[PDB]
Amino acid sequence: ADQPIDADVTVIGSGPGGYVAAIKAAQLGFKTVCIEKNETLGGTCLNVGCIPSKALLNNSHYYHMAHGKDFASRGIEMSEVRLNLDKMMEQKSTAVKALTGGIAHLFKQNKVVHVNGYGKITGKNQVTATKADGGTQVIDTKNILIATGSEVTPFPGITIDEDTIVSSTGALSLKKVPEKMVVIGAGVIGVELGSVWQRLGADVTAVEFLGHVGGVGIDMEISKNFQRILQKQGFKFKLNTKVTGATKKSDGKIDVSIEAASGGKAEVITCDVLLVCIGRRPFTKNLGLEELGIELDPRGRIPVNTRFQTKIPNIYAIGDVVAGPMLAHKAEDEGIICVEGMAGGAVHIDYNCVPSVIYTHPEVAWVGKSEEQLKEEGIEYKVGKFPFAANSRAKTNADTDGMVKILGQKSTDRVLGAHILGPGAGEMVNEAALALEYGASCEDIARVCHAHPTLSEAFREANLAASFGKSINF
């Protein structure tokens, strides 16, 4: 339209991948512009994913603590404990609102140029950004970086209205706690969200096609103990089970139609809300790739080479829309790296050392290979385990759930995988991550002085168990 803009790097999308790549590109002296179609920045991580659902599990956690037996049993005693869901929700949003302001502020600081509108490649060096009032902005650029992220994989036959039938993003804003509630899918997203409303007073049942809870690449042992723990809290699961369809009815209630994934024990669960959590797919709608001759992965992703280059060399792609785990830190990482690459630097990323975390309570975090991957691979390994019931910090806080499982290669004692089910798993898994990028051995990590008493100490004791054959406290 008006007056064409000039850029080195044009970043499409403003989520975790996009906003750091833009700032990094900036920090490196690139006339960077970042286009985002939405009102606020932060993409999905910040606005309808990570941060909300986290702010929400945090709150929902303290509630169950205060309403349950935990508090009364540690001296703190309340008359009654009601829940003010709107006040709770407001907490979450204030956090999000504050963070999204930050990103914008981070942009000014670095002289990143934020263009608002639904961008789309209209040249090998041009993208058109169009606001809905028909306004338009053309950037003439040297490189284009795509970070259009992802969307909900929708369930065919079941239409999400975002009211009584919802996705991640509607379950984050429930205007009230449902009585009964079903979750199609027991992945990290589903499990987390279900747990929130469970903790709040909802009777929650997840239905999964596969035979385990937690996502892919989770250890089957820690998955099963994990599921078991949720089952105790009140969560119910219906594994190896497919839905035929679900039906809305007179009085509002929803009727989902379940049946064995293989055989057929046709049953019918009836709830008040139905969260559909079956996956999430890359998002490239109207980017203009069909016309530049860029074919997609058969799963909707962009084929990029080692330096994150698409079939068209000056056009890269990174984050949810490209292969690898759909994680935020994972995108930030490709984001930075890809740019440092344009800059003329080396682009190595080790996808084995990318921590995975589920933030329920207890947390589940892991990094490296699981037992099943190590077998399928043909690798001779050994395992050491230290339960939190034996960890002092843990026992002292009356929170003794889970264990830390370490996988070390049988001969070189090289740590091949660390898996933590328990309190403080999310922050523990980073220490692991580190050790793993070092080619640590269970011995090395055991000779490190971990402070007492900490959750960490059980991470130490599990390697002590894997490299010597038994620990001191267990």
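One rule holds for the numbers: they count along the sequence shown, beginning at 1.
Between the stretches 320 to 328 and 106 to 114, it is 106 to 114 that shows the larger average CA temperature factor.
Higher mean CA temperature factor between 257 to 265 and 139 to 147: 257 to 265, per the PDB entry. In this entry, the residue among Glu371, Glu377, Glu363, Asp86 with the greatest C-alpha B factor is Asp86.
Of the candidates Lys248, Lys120, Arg280, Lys97, it is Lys248 whose Cα B-factor is highest according to the PDB record. When the modelled residues of the chain are ordered by their C-alpha B factor, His419 lands in the lowest third. Split the chain's modelled residues into thirds by C-alpha temperature factor. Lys405 is in the lowest one.
Per-chain ranking of the deposited C-alpha B factor places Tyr351 in the highest third. Among all modelled residues in its chain, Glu192 ranks in the lowest third by Cα B-factor. Ranked against the other modelled residues of its chain, the C-alpha B-factor of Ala435 as given in the entry falls in the lowest third.
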